[PDB]
Amino acid sequence: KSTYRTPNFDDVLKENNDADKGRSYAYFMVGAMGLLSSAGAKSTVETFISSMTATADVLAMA
Amino acid sequence: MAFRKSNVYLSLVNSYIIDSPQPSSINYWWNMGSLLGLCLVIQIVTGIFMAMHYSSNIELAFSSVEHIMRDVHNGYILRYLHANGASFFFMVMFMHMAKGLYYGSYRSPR
Amino acid sequence: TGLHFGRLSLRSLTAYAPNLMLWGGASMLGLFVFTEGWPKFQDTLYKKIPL
Amino acid sequence: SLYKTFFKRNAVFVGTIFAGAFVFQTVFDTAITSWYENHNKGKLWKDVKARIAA
Amino acid sequence: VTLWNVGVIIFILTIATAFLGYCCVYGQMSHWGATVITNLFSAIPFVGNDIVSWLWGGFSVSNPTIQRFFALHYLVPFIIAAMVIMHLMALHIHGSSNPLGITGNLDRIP
Amino acid sequence: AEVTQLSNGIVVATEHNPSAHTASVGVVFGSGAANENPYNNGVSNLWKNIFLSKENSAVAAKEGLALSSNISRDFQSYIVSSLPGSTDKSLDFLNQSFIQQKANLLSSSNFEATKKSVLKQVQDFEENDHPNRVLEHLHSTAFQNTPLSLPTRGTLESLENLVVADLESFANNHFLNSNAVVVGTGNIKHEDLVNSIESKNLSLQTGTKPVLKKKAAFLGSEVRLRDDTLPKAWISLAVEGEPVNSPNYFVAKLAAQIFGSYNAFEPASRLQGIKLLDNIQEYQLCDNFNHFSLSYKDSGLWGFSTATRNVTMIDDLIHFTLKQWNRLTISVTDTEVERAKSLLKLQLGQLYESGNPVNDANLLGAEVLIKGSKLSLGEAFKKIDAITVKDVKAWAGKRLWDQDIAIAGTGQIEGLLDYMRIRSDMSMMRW
Amino acid sequence: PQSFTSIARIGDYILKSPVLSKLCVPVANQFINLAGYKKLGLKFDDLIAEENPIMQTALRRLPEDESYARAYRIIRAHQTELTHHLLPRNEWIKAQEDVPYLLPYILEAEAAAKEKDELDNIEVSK
Amino acid sequence: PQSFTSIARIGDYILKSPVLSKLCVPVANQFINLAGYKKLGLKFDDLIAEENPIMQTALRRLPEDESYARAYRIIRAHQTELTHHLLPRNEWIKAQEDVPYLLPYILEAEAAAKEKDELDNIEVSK
Ligand SMILES: CCCCCCCCCCC(=O)OC[C@H](COP(=O)(O)OC[C@H](O)COP(=O)(O)OC[C@@H](COC(=O)CC)OC(=O)CCC)OC(=O)CCCCCCCC
Ligand SMILES: CCCCCCCCCCCCCCCCCC(=O)OC[C@H](COP(=O)(O)OCCN)OC(=O)CCCCCCCCCCCCC
Ligand code: HEM
Ligand code: HEM
Ligand SMILES: COc1c(O)c(C)c(C/C=C(/C)CC/C=C(\C)CC/C=C(\C)CC/C=C(\C)CC/C=C(\C)CCC=C(C)C)c(O)c1OC
Ligand SMILES: CCCCCCCCCCCCCCCCCC(=O)O[C@H](COC(=O)CCCCCC)COP(=O)(O)OCCN
């Protein structure tokens, strides 16, 4: 059939597009995933960095 | 052209992890090879930080691993992440190899 | 008539000026985050009453 | 509207992500330590140290 | 220019490597050389006295100092080997120069 | 020039020019392809060719008359041209073709030969004219399931199932006096035209055309028609833009003039003050491009079309072009805004002050049908001269920054990447 | 990376000055003879570095009779150095022949690139 | 990497045998329906691996009407598996259509490569 007739997408389309309704709920999840990953990638770094500090039996002999 | 395509060092990154063409139908069994690259980074990093406190003499070796687990700050996290990390490294490799054995990835031209 | 620049212009230095200290200061908006867990500067870690 | 300032730039949003993660750690820790110590109250050392002060 | 800048990074990592290994001997020059060099980072404002106690692992050049200097000393030679690979890659795109300082594309031998 | 409208039951508009050596008289209707359904798509294109058929044109050529017609989305036109001292015959011919006797034209022999002629035009269009059929497919995916998606020529599948009764039904509902404007351009006085119409008691049909249920709605989408036997790639790309009777009508037109049009083989077109050309000419990514701002009764489109033979560097062309669009929100210079003011006035002067009275009759009738009057060219220049740098940034941050897109392509478009790699280039976020 | 427009700006002020052109020109003639490029069979404009767009433009526009002779002088020079010798004294470049054959093509490529930058970042009179 | 000449050598001995073709043909019909390539919209000759010269030769020589239809069946199949669904029951390949459209082009590419090797390493009668 003709290429100018588009197939049906009515089972996946949102009734009210509201340009900032897919722009608010999509980006809130991408921001939350970067907030938790910037806090998790920091507790990791400072956990390895603190192993190089003085140990328990060196502080006792201070 | 874009800078990621013209620079000598970024061109390799672009060709491998950005613009590399992939088949659309590959499933989650094709994700095990990236995990094995994370396993190797975990095992190497945690080992450098324990090696600063280790002693390899046969009369000092066992008691040095207990010194890591009692006196070193966050030392029990380093070791257990290391000892259990190697068991996870081998389990992902058995799944990687059994994948290639199922889908025929060993055949020509690979 | 002309404009001051060495192939990056004050055109996009003073238009980029609100940005290059905000986006440029987006990396010690990172120092809020980058620099605790240590007793380095606890004068400025726990000072906010949320903290 | 909301999107033109919440996340329009990402100097708006990598600074808000980073600044908001610093506040998250403190608030998150105090809430976990309060639930952990109250779930196991009576067994800790500070409770034992308050029962032998005769 | 990029080939010359990767070279300056190799030079920094090679001074570091040679210093750490001279301390693994723990002679009389090995102990007092680490004392006067690590105490130079005490003059950095507001973070000086905390990075020195973190390098030493205590309050002086002592046993944590020598055990971590040896483990870093095996590592850094393998970082140099990766800088050398990047160094050769930057030479292959334009090639070498010649003592006359003019183009060499008219007379080449393998 | 100066226009003059009246309403004696019939809306008569005129634009006199004493320097012209010809005169045009016609009628413009306020219905086009956007007032059709998918079953009768192409019925307005058949009325054009029935009016221009050989036995009708022979009757005109014996009195010194030439015929024309034009079909668009919002209007249709039927023009008669003559010498200045023969405009009374122009109206009589138009009387016995629309007001009376449009049944002699719809005979059996005249309808079959006309149909066969139209099926051959639309077939050669779909197989040889690649720039224009890719721009038609853009309207068809951007406005899908709305009236503004249908093509103006029709399709080969809907044209074959059209009979005479479909032509007569469409005329009873749309060729109405309530939906019509009588126009006159060239060397013709305004009062001589209206008195000629009053001396005849003309009336096409009374009024109340249909209602048109749905409105036009933009949808972000794509359609790809890959053909590896053709030697180029043709691509079009747009966002939602401004309709007519919008306040931002001339601001959108000015923003398209900033990037403009290009031809790689013309030497002077390589020297234009357009910053995008410093990126394209290094590796010669394209042969030509042109930026458009289209406007209809309900919606619009803003974007560009391109054709290229570098089928391995398509992604760099689309990337570099969309990074310049971002500058309209962030960093656009006062020099770029003053250049575009001057060239836009030259572009509008050539369109409205050409020599052809037939082109001026189509512009006048469409404007009077859609806002009641016609804006002067001296008033449009004053609006263009009052646009600032702040007005461009406000328009772009609403219409361009982080917004959905419509895409169409044909040819060797294997190198055209997925939707989301292109959608992401509409916001910088290195910022 | 000093521009040639600037070099000639300074040089033509020295040469058209009576008192300056008698203390710096004798000094500059001994500087060229001690350098020794004329003994390898080279003119000065062959020594200029050519890994930049203004010099790639000047070499495309050079006539081919002069371009073929330049490539032979450069090949002959690379070979005189692999052997650690100098050429015979009757094959040296003489002072009459040491002319700036490439300078005029360079100055017009520089004046056009500067004109373009002044127009690409201009502000308007209004 | 069993040759197709050998597969048909064995198969045509089974089919032209009365007693053998009634125990192995019913078994082979259930083997094809349990495999499930016909439900993705594929014929068997689409599944053959094509990273070798004898299969690259057969595909060049395939007519273009049959080549354009093969590429659509392969694209439709990658998309059906990507979604973890099967096609409708009226778009499945039927047994009449499951014909070896590529077998004859393969057998003539194999008979010519074998003829060449027998001549490249022949010994002479003299
Ligand atoms: C320590 C490391 C942990 C990760 C290791 C395992 C990860 C790889 C395992 C492969 C797998 O995913 O299992 C699928 C397998 C075969 O099936 P298949 O390849 O045809 O379909 C794949 C389709 O893309 C799913 O993904 P799907 O496309 O259906 O939807 C996305 C899915 C995301 O779920 C996941 O994250 C999976 C990791 O959505 C959700 O689940 C939302 C949550 C409600 O069928 C199975 O379920 C078998 C389970 C695995 C048993 C073997 C291992 C035991 C030792
Ligand atoms: C020398 C080295 C030897 C290495 C041998 C190591 C053996 C231990 C490895 C354990 C992992 C083995 C799992 C098999 C992975 C291969 C890929 C695979 O089987 O996936 C395809 C299979 C088919 O089912 P699908 O619906 O996904 O269809 C897609 C294609 N037909 O989809 C499936 O995954 C099938 C469903 C899941 C089966 C799970 C059964 C348990 C598998 C063993 C796990 C370990 C013991 C419990
Ligand atoms: C592929 C990478 C590695 C693997 C698979 C691996 C495996 C192991 C295993 C299984 C153990 C014994 C765990 C236990 O039961 O305690 C171990 C111990 C150890 N490894 Fe690793 N290792 C790896 C990398 C490294 C590296 C790079 C280092 C040094 C830089 C290192 C340093 C150590 C040390 C010090 C111990 C003794 C302490 C302990 O028992 O945890 N490892 N390794
Ligand atoms: C482990 C240390 C190094 C290794 C293995 C190495 C290796 C090489 C090699 C094989 C070459 C090509 C042959 C040659 O020009 O001799 C080269 C060239 C070069 N290297 Fe290094 N290099 C090292 C350190 C450095 C350093 C420290 C610098 C500068 C700070 C440097 C700067 C250069 C430059 C500029 C060239 C190009 C010279 C030319 O082509 O004329 N390299 N290097
Ligand atoms: C199929 O598509 C893919 C694909 O999906 C992927 C993921 C990849 C990439 C896959 C990988 C597995 C990446 C490869 C990773 C490695 C080879 C790991 C090697 C590097 C390391 C293990 C890091 C080593 C660490 C150090 C040298 C430093 C550690 C020590 C520290 C930080 C201590 C420093 C001292 C002090 C005092 C702070 C592909 O190449 C690819 O092909 C196109
Ligand atoms: C974890 C162990 C490390 C082993 C991996 C080595 C990676 C170290 C990076 C070293 C950076 C070297 C910079 C020196 C040259 C600077 C001059 C220059 O212009 O070159 C730089 C080279 O930069 C890089 O090498 C980083 C690319 C990642 C490498 C991935 C293989 C120009 O390229 P680049 O774009 O990356 O830098 C500017 C950023 N806008």
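From B:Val92, B:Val72, which residue is surrounded by 12 or more Cβ atoms within 10 Å (Cβ to Cβ), touching a residue at least 12 places away in the same chain (Cβ under 8 Å), within 14 Å of chain E (Cβ to nearest Cβ) and more than 16 Å from ligand 6 (Cβ to nearest atom)? Walk me through it before giving the result.
On the way: B:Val92 fails: within 14 Å of chain E (Cβ to nearest Cβ).
Only one candidate passes the filter, namely B:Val72.
With respect to the conditions (1) among the hydroxyl-bearing types (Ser, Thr, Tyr); (2) more than 27 Å from F:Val118 (Cα to Cα); (3) assigned to a strand (DSSP E or B), F:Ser68 lacks only one, and its number is (2).
Count of region F:237-247 residues, restricted to those that are within 21 Å of F:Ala406 (Cα to Cα) and either more than 18 Å from the chain's Cα centre (by Cα) or part of a strand (DSSP E or B) (or both), is 4. Screening region E:24-74 for residues that are within 16 Å of ligand 3 (Cβ to nearest atom) and among the aliphatic types (A, V, I, L, M) and picking the one that is nearest to B:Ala51 (Cα to Cα) gives E:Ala71. The lone criterion from (1) part of a loop (DSSP other than H, G, I, E, B); (2) of a type in the set (A, V, I, L, M); (3) facing another protein chain (nearest Cβ under 7 Å) left unmet by C:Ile49 is number (3). Taking region B:12-40 as the search range and keeping residues that are surrounded by 14 or more Cβ atoms within 10 Å (Cβ to Cβ) and more than 16 Å from ligand 1 (Cβ to nearest atom), which one is farthest from F:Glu414 (Cα to Cα)? This residue is B:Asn14. Check whether at least one residue in region F:385-399 is within 14 Å of chain D (Cβ to nearest Cβ), of a type in the set (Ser, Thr, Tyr) and surrounded by fewer than 17 Cβ atoms within 10 Å (Cβ to Cβ), and report yes or no. Checking region F:385-399: not a single residue is within 14 Å of chain D (Cβ to nearest Cβ), of a type in the set (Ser, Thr, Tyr) and surrounded by fewer than 17 Cβ atoms within 10 Å (Cβ to Cβ).
Picking from G:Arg76, G:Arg60, which residue would you name as being basic (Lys, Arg), more than 21 Å from G:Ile7 (Cβ to Cβ) and within 14 Å of chain E (Cβ to nearest Cβ)? Outline the logic, then answer.
Values: G:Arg60 fails: within 14 Å of chain E (Cβ to nearest Cβ).
Of the residues listed, the single one that is basic (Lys, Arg), more than 21 Å from G:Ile7 (Cβ to Cβ) and within 14 Å of chain E (Cβ to nearest Cβ) is G:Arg76.
Look at region A:36-62: where a residue is touching a residue at least 12 places away in the same chain (Cβ under 8 Å), no partner that is more than 16 Å from ligand 6 (Cβ to nearest atom) and charged (D, E, K, R) sits 6+ places away or on another chain with Cβ atoms under 7 Å. Condition first: within 13 Å of ligand 4 (Cβ to nearest atom) and either farther than 22 Å from E:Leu40 by Cβ or aliphatic (A, V, I, L, M) (or both). Can you find one or more residues in region E:55-73 that meet it? No, because not a single residue in region E:55-73 is within 13 Å of ligand 4 (Cβ to nearest atom) and either farther than 22 Å from E:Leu40 by Cβ or aliphatic (A, V, I, L, M) (or both).
Pairs meeting the criteria (first residue in region E:87-110 and more than 7 Å from chain G (Cβ to nearest Cβ), second residue within 16 Å of ligand 5 (Cβ to nearest atom) and assigned to a loop (DSSP other than H, G, I, E, B), beta carbons under 8 Å, at least 6 apart or on different chains) are E:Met89/B:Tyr9. If the condition is being closer than 19 Å to D:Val14 by Cα and away from ligand 6 (no atom under 16 Å from the Cβ), then region A:33-62 contributes A:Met33, A:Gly34, A:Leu35, A:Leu36, A:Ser37, A:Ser38, A:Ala39, A:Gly40, A:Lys42, A:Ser43.
Does F:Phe218 satisfy the condition of being aromatic (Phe, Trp, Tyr) and either in contact with an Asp or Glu (Cβ under 7 Å, 6 or more places away or on another chain) or not assigned by CATH to the domain that holds F:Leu46 (or both)? Yes; evaluated as a whole, the condition is true for this residue. Among the conditions (1) more than 16 Å from ligand 2 (Cβ to nearest atom); (2) over 24 Å from A:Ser43 (Cβ atoms), B:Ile42 misses just one, which is (2). For region F:359-376, filtering for residues that are farther than 11 Å from F:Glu15 by Cβ and buried (at least 20 other Cβ atoms within 10 Å of the Cβ) leaves 3.
Report yes if C:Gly37 is surrounded by 13 or more Cβ atoms within 10 Å (Cβ to Cβ), at the interface with another protein chain (Cβ under 8 Å from one of its Cβ atoms) and either of a type in the set (D, E, K, R) or more than 19 Å from A:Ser43 (Cβ to Cβ) (or both), otherwise no. Criteria not met by C:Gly37. Just one of the listed residues (E:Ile109, E:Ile79, E:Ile93, E:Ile85) is of a type in the set (A, V, I, L, M, F, W, C) and either touching a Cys at 6+ places or on another chain (Cβ under 7 Å) or surrounded by 12 or more Cβ atoms within 10 Å (Cβ to Cβ) (or both), namely E:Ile79.
When each of B:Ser63, B:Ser34, B:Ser25, B:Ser55 is tested for being touching a helix residue (DSSP H, G or I) at 6+ places or on another chain (Cβ under 8 Å), of a type in the set (S, T, N, Q), under 30 Å from E:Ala71 (Cα atoms) and away from ligand 4 (no atom under 16 Å from the Cβ), the lone residue that passes is B:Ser55. Note on chain D: enclosed helices (runs of 4 or more DSSP H) holding 2 or more residues that are surrounded by fewer than 14 Cβ atoms within 10 Å (Cβ to Cβ) are D:14-39, D:45-48. Only residues that are part of a helix (DSSP H, G or I) and either under 18 Å from F:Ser149 (Cα atoms) or in contact with a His (Cβ under 6 Å, 6 or more places away or on another chain) (or both) were counted in region F:296-317, giving 0. In region B:41-61 there is no residue that is within 28 Å of F:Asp418 (Cβ to Cβ), within 16 Å of ligand 1 (Cβ to nearest atom), of a type in the set (A, V, I, L, M) and within 13 Å of another protein chain (Cβ to nearest Cβ). Helices (runs of 4 or more DSSP H) fully within region G:4-122 that include at least 2 residues being more than 27 Å from C:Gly2 (Cβ to Cβ): G:4-15, G:25-33, G:44-47, G:53-60, G:64-82. Of all residues in region H:84-98, those being surrounded by 10 or more Cβ atoms within 10 Å (Cβ to Cβ) and closer than 17 Å to H:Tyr72 by Cα number 7. Can you pull out the residues in region E:1-23 that are within 10 Å of ligand 4 (Cβ to nearest atom), of a type outside the set (S, T, N, Q) and assigned to a helix (DSSP H, G or I)? Within region E:1-23, E:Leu3, E:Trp4, E:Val6, E:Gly7, E:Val8, E:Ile9, E:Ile10, E:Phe11, E:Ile12, E:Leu13 qualify.
Given the structure, is E:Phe69 within 16 Å of ligand 6 (Cβ to nearest atom) and within 13 Å of chain B (Cβ to nearest Cβ)?
Considered against the rule, which asks whether it is within 16 Å of ligand 6 (Cβ to nearest atom) and within 13 Å of chain B (Cβ to nearest Cβ), E:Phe69 comes out as no.
Here is the figure for region E:1-53: residues that are over 17 Å from the mean Cα position of the chain (by Cα), exposed (fewer than 14 other Cβ atoms within 10 Å of the Cβ) and closer than 28 Å to B:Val8 by Cα total 1.
Could you tell me whether any residue of region A:32-55 is more than 14 Å from chain C (Cβ to nearest Cβ), more than 30 Å from B:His67 (Cα to Cα) and not hydroxyl-bearing (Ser, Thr, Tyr)? Within region A:32-55, one or more residues are more than 14 Å from chain C (Cβ to nearest Cβ), more than 30 Å from B:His67 (Cα to Cα) and not hydroxyl-bearing (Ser, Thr, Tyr).
For region F:333-348, filtered to residues that are surrounded by fewer than 20 Cβ atoms within 10 Å (Cβ to Cβ) and touching a helix residue (DSSP H, G or I) at 6+ places or on another chain (Cβ under 7 Å), the residue that is nearest to the other protein chains (Cβ to nearest Cβ) is F:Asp334.
Basis: the model, the stated rules and, where named, an outside source; no laboratory read-out is quoted. With ideal geometry, Cβ positions are generated from the backbone for all residues, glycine too; neighbour counts draw on all protein chains shown.
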